[PDB]
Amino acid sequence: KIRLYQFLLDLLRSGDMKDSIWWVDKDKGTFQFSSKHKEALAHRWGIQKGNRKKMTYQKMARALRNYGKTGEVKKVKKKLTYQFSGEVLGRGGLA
């Protein structure tokens, strides 16, 4: 099963949910979710995973928080805004 950070990077590449998530500074890997449309994106994550319950943005963000220590995704000091690591960005484009 795909990892959450990869699901998000792939969405940003495809633009399929551009009203729910977007790059802020793609060269730096900063991205942001829509206040009003993030739940639809969270629902898609849960369905992709086949989880028992309906996924919510809150649960998805709780998972994102666990990447802060290992570094794949860090929370930036703006609402609903995060930053991928250089490792995630480089390996992603190469893959």
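Counting begins at 1, following the sequence as shown. By rigid core we mean the largest C-alpha set that fits within 1.5 Å across both forms.
Core superposition of the other structures onto this form places the C-alphas of 83 to 91 farther off in 9 other deposited structures of this protein than those of the other stretch among 83 to 91 and 7 to 15. With 4 to 12 and 85 to 93 compared on mean CA B-factor from the PDB entry, the stretch scoring higher is 85 to 93. The PDB entry reports B-factors from which the mean C-alpha value can be compared for 20 to 28 and 76 to 84; the larger average falls on 76 to 84. Highest C-alpha temperature factor among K69, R44, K38, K59, as the PDB entry reports it: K69.
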